[PDB]
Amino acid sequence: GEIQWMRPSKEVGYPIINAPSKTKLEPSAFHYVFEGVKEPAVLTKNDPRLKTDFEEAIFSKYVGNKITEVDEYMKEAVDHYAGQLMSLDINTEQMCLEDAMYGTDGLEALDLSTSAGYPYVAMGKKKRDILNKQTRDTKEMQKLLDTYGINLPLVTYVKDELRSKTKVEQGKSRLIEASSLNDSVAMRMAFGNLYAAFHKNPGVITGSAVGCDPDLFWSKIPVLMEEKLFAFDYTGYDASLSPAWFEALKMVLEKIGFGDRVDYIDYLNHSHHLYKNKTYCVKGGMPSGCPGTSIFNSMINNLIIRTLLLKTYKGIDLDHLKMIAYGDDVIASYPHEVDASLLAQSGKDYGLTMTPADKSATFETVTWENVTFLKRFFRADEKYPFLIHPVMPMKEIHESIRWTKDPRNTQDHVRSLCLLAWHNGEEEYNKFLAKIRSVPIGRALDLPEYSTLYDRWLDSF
């Protein structure tokens, strides 16, 4: 992705957009009960912690575009992936405005808590004043579509989350490029059924895992993989995508019966952005921070892995490539060993910066004992080996519990963490609960004991 130009929004006909400059994050009742070294990301140029230009740091994610056209390998990748999806027999019909708005089987209703984007954010109109989840009224939406149309500018927000000390000083704050409610709605109408087919089919046929439930899905993954696992992490995935990867995506969409509206992808590829009093144009790069794009990134990931395997290992049998992606995150496999570093090398030529799985310094063999997916390890249950535990290390859980965004949500936030932590074992979980119960706020929470979560789990299958 590359920023073509940037200038004052007034100069091109747009208003100034106000974005909160103060973090909602602050020490929780457990700040000193658990170890942690992360703080709230920088949200403004003046932040005292900053050790470099903020504006320059947040936009530096656009490394540029390494490729213009789709080569032979990418085309081969497209034909293979498109072919796989074809077996899902996905419904190509456009989805009605009602379901696109209030959801249907396999698609959740629009999230009322996220920005409505332009121009509503500049009119002080929230999603609430537009949809009645109990009425399922489309009149208002329809009138707005007719009024403001589509292909609107994306509104940029600095993400309010925890980051390491280094990233705070280097102004490496992640960004959210929220698309207008109009486009988000138009796209769900165009691809709603594609979205549904994916949510209902997490696995190696869609090569996707969006919409999956880790507690249950972790027991299906091992059976879907080949003998040899391989994996790696991406540095700035979304931002690094070149226009060609969007064209490859459209080719897949055309082949599976959505050629009807591949133009919506152009909107993601050549995008229009608003930030503060500025407006800028980007070529390439997948608009970040939101769920609407998870599926397209996953599809593209499937195209990438396939392409690098064809360019590096001529004669490879893609029919035996078994992979599952969640945006840029991926766990893959093949009957034969492959070299991630070699693949990493082939990747540089495609605009992707690939590095060792899980922040390793060197590319080591990926095994069932060291692989992670969605920050979670895999661990067979001691009593019932066929049941697989998704295990998230306590470290990130400790980091998270030390802060709070709304005292009113302490109960939900801590319960959330409990659902993640108990998979670490009864000993660890109990220590966790005891430390929570060492301060007043914790003793007042309603939290599930271990045997209760274990029983619930065995009963969810």
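Note that residue numbering begins at 1 and tracks the sequence as displayed.
- When 260-268 is weighed against 319-327, 260-268 comes out higher, by mean CA B-factor as recorded in the entry.
- Annotation for 421-429 versus 402-410: the higher mean temperature factor (C-alpha) is found in 402-410.
- Highest CA B-factor among the listed residues (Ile305, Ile295, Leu216, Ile130): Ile130.
- Among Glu177, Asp146, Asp381, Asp339, the highest C-alpha B-factor in the deposited entry belongs to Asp146.
- Annotation for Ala77: C-alpha temperature factor in the lowest third relative to the rest of the modelled chain, per the entry.
- Among the modelled residues of its chain, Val168 has a C-alpha B-factor that falls in the highest third, as given in the PDB entry.
- For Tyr280, the recorded CA temperature factor ranks within the middle third of the chain's modelled residues.
- Compared with the other modelled residues of the chain, the Cα B-factor recorded for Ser416 ranks in the lowest third.
- In this PDB entry, the Cα temperature factor of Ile441 sits in the middle third of its chain's modelled residues.
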